[PDB]
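What follows is a single structure, written as structure tokens, with notes after it.
All Cβ positions, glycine included, derive from the backbone under ideal geometry; neighbour counts span all protein chains shown. Read-outs: derived from the displayed coordinates by stated rules, not from any lab.
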Amino acid sequence: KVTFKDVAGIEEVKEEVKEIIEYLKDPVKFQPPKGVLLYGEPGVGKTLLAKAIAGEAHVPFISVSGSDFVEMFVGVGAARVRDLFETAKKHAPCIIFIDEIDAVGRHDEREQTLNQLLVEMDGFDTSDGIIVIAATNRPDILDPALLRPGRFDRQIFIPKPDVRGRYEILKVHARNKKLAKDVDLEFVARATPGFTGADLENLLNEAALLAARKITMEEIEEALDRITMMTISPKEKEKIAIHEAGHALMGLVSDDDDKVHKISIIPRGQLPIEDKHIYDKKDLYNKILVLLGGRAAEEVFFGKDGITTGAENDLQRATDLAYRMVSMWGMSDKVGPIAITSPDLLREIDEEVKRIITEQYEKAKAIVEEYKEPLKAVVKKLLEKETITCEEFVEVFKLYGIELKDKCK
Amino acid sequence: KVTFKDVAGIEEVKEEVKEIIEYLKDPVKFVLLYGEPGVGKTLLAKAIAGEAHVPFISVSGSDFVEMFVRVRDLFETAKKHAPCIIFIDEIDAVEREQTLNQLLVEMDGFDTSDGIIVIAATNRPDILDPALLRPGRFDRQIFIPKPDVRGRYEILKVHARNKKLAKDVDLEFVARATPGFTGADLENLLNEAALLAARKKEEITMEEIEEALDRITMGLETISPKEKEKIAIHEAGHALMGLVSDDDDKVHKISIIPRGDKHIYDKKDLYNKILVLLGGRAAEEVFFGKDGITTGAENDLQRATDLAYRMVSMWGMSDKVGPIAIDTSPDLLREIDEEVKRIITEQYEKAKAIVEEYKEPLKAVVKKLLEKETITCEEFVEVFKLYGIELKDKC
Amino acid sequence: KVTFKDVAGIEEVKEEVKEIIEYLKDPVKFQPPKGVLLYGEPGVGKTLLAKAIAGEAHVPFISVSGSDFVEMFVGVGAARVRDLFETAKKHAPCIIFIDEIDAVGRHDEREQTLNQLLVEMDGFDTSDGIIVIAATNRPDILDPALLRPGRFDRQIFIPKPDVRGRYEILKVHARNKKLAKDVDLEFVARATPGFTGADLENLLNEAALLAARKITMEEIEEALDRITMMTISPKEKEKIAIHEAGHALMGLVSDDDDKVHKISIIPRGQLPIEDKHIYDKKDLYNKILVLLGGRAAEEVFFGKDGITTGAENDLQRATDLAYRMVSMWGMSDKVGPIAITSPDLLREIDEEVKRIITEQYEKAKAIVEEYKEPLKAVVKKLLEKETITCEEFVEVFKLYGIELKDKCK
Ligand SMILES: Nc1ncnc2c1ncn2[C@@H]1O[C@H](COP(=O)(O)OP(=O)(O)O)[C@@H](O)[C@H]1O
Ligand SMILES: Nc1ncnc2c1ncn2[C@@H]1O[C@H](COP(=O)(O)OP(=O)(O)O)[C@@H](O)[C@H]1O
Ligand SMILES: Nc1ncnc2c1ncn2[C@@H]1O[C@H](COP(=O)(O)OP(=O)(O)O)[C@@H](O)[C@H]1O
Ligand SMILES: [Zn+2]
Ligand SMILES: [Zn+2]
Ligand SMILES: [Zn+2]
């Protein structure tokens, strides 16, 4: 059995999949939902989420793994996919769950089967009554063709749980076991930042050794320390808080930008496809400034000897974008309106890129230097809660006589 | 019954299929449609069938295999009730290899002078087999573009006539409020608001029309209007340079809607093609300034520069470099880059000066295109004549 | 039925294939002809030429396309080729026509079948009584092994028809239809430069719409304008005339060179194989000068702002050859007798190449500047006729008191 109680710490994902649940329950009543792509680190509850979606609508669950499809002989995988959809159509309504989708997605051996999969996605119309759920641990290798309309057009991220999420997951797993009264799961949630649901289940199961010898806090602590011997250290919590806080500050103070999301020491999220948009010079300057917020805050607070690697992913994108401004979009007066080479031109390009990056970085550093005290306050609140809202950020900054731009999603 | 009266917003496609209609009408004395879903492909096929007053044999490619596992019998029945049209929806879907072989062997084998024709509908043309487009095999293809303001207004009228909406409502505002919609989208919108009125009336009102429009829009939840303005200005710069060309080929109708021959050329023609490719960005900078230029010109900026290279390294059109065409020493690459920059900056200054000269008629054209989402080269020429500027009447 | 009347505009190709026709008619009487390779743009009449060769000798015609050979399973194509030659030997005498040969030619999937083809070419001796004809639209990708002796050793180009060729093709196609008296096909031929036979047939068939509504000149013109909406424009005719005229002038005035061919605004022809020859420094200088004639004439007549892209193909070869003179044949005193690197050597090579090219280009420009009036006369004649003979060129230039070298093939 898999019910709503078995999932915890992701109300947004539940709200997003309620529509698919209604689709599985009553296909007629709706007057699309075709493919749902779940992505996240291993052990975050993707297969659990699929099983829960299946059990909520009270429909069958057809589970399969791509790993056994690919590694076969010519014709095995394509016939396997075809026969799968045959079973699904015969046993309609149901969910077809394909674990490790990106590993298989990545003419040739693997390609023919994936083509069969896409032909199946396109063949079943919305009156067949079926849906397909796919889970992946490595999304960067996925083929963009899988994200086209009518073919896994909807994507969902399963972030790691914060204090509340970890507490709820602990409560969920505890039900089967008869723990002691003295235990305080809240302290456990506050003492295991950066853990996944499977990781915490491993803690509850780990205390099985203590029950074997004798569940009390002694076992929970011994098992958390054993697995640790990867909880996020408090210094790492502070660093991540300052990074996300710089991001939020730059997003809020930008002259013109898009809505800002909820702050959290948990990762923000990737897996790009067609942006299908256009941007101007100032908008790109501002996006760069945003991507440079975390590192600027790090340097301002800890100094030049404190900057961290957490901005890696960030630091890349920013610089990457800068290149697209000079070598692809001709947004440089020095270089000129030329898009694509002799060493002189590459030198000019690099000089302009460094100019842009250093300008925006000095700008971000000055911004942070101006509003250091409310930033410290926000960091304290985020540390105590591990997750705050854009509105709470605005409130903390208003407490210092600083009126920020009112743009929250 | 389905005739052209049921179809609206595609006069060009009607002109193109008039020939097939006449062929179906008179066999003795005497096709692949592609576009996004819900644009009216099956409707267009049914309309051609009803216009020629001939049977309509509908089938879906997805259903071929298990139904034909035959094509022979399908075409035999089509020939029996000839003249007629054999419509195959979901053509791309067409075990499948053998069936597709049979289908193409029939297309080439059947000397379909019995009076029958074959129409196929597809949503993704990139996945269609090119072999299907051989002579006698879907020799001509047709695209169904999305309706503009006027097109959406007409389609709204088409479906609205049957149900009699409220008196106060005026569809023109609706057409102006639904950019990027298809015909099926408008059908679902009208039917949804009538159903909502039933749930509430039997006379469907603007409030309900909005109740459904806001619902569909929320489903979309969006291109900002500023993006519309930017696309308008870009396409307008393109149209201005192409229409104002010293020497050029014909220019097509301008449009902000998503898009998704000469044998040999001379130096000036290539300069002019570059100038055309640089029009959008020049207009962007002139209007919004150096801090407003956008990424929409990306592809364009590529082609332009690309062409410049072909002018220096392949066609020897540089006096400094000389008549040498193509490992190369750094000095030669430096000379090439310097000449390319010279050409590009020269043509860009030229384009900027041109735009600076004619900014007011450009603003007027942008306004008209924004309100209409699509104007004709002739309308462009008229707007520019309204300011005492007489352009060459070449469309 | 396919007869001699169905082919028009290529008397040279007919003269070349008369031998193969005699071979098909009487195999005994001859006291080799093995493979004939036809190459040209699509719609020029390659398959029509093969069918005509088959019908003239009154022998069977075994038509097949390589496209259906390649895309099969292992063994399909090789057995297909083998069984083809089995049918040909059983049904001897006949022609084995393989359309789209280069597409298939281009161990591995495709290679095994091509090997079978070559083994068949080598296996049937001249007493089997069979021949093989191959047609291709893209010859640049063809494997040189296919052009070896006894294996498609003879090659033929099907050029586009000029005024006379287009007129004759129009007459040929007209027979089936009952056109009006007012029509003048000569004007059509003069008004459709750069068209192929299939293109013109499309014009005659296009007038079918006018016959449906009501064939008169109105329909022919409406259909030519429709298809155009690619006839060569008159300015393009002038440019091509001047290009070919510069070529002919440089070929005729060269101190030592090979015979010059007939001038025509139609393309000259490619598909290289073993040259099996040797050349000297002066001969290569002269070949370069020839390849630079068209562009020199273009600049002299229209100025530096008139040079065109028609010389593209030409401009490449010339420069390419120049490189072979310095980096492969040691024909540079500055560089020295070294054949194959530090940047200095590459710089020296490039400087010598530019020296050679600019020298020969100034030479060609001076030559043209000397004889501009007879060149204009020749261009006028070529424009009016679209094709002149080397002898007519010599006559036009003699009319101005200029005696050219008497070397015409
Ligand atoms: N958010 C969560 N809430 C409750 N349990 C979870 C959660 N995430 C993971 N688990 C537990 O972890 C285990 C592995 O779940 P699974 O979905 O297979 O991991 P993944 O989807 O990351 O590969 C399950 O037994 C489940 O009980
Ligand atoms: N251009 C149009 N004008 C009027 N109605 C249209 C148009 N396009 C689509 N429709 C409506 O949308 C519905 C779907 O049409 P259809 O052609 O079957 O969709 P598709 O061709 O995308 O499969 C029809 O009921 C039709 O009335
Ligand atoms: N030189 C020509 N003379 C007469 N008809 C021609 C000529 N070239 C092409 N055609 C016409 O064009 C059509 C296509 O001929 P085909 O040989 O198949 O083209 P290709 O060989 O270029 O692929 C034929 O129906 C033929 O009547
Ligand atoms: Zn970050
Ligand atoms: Zn553009
Ligand atoms: Zn040439």
> On the first, second and third principal axes, largest extent first, how far apart are the outermost C-alpha atoms of the range B:133-233 in Å?
Replying inline: 56, 37, 22
> Once you average over the residues of C:297-310, how many Cβ atoms of partner chains fall within 10 Å of each Cβ?
Replying inline: 4
> Which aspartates and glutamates have a Cα less than 13 Å from the Cα of residue C:380, not counting those fewer than 8 places away in the same chain?
Replying inline: C:238, C:244, C:392
> Using 7 Å Cα-to-Cβ label points, what is the residue C:230/residue A:312 separation (nm, one decimal)?
Replying inline: 5.1
> Taking the simple approach of a point 7 Å from Cα along Cα-to-Cβ for both residue B:69 and residue B:342, what is their distance in nm?
Replying inline: 6.5
> Within the protein assembly as shown, which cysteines find no other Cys whose Cβ is under 4.7 angstrom from their own?
Replying inline: A:94, B:84, C:94
>> Calculate the FRET efficiency for residue B:97 and residue C:214 from the Cβ-Cβ distance with a Förster distance of 45 Å, rounded to the nearest 0.05.
In response: 0.45
> Averaged over B:77-83, how many beta carbons belonging to a partner chain fall within 10 Å of each residue's beta carbon?
Replying inline: 0
> residue C:221 to residue A:125: FRET efficiency via 1/(1 + (r/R0)^6), r the Cβ-Cβ distance, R0 60 Å, to the nearest 0.05?
Replying inline: 0.75
> Using the reciprocal of the averaged 1/r over all distinct C-alpha pairs, how large is the Kirkwood radius of chain B in Å?
Replying inline: 24.9
> Relative to the present Cα-Cα distance, how much length would full extension add between residue B:114 and residue B:167 at 0.36 nm per residue of separation?
Replying inline: 14.0 nm
>> Given axes a ≥ b ≥ c from the Cα gyration tensor, I'd like to know whether the range A:1-160 is rounded (a/c under 1.5), prolate (a/b larger than b/c) or oblate.
In response: oblate
> So which of B:163/B:200; C:237/C:281; A:282/B:250; A:46/A:89 end up more than 27 Å apart by C-alpha?
Replying inline: C:237/C:281; A:282/B:250
> How big, in percent, is the set of alpha carbon pairs in the range C:61-102 lying more than 15 Å apart?
Replying inline: 42
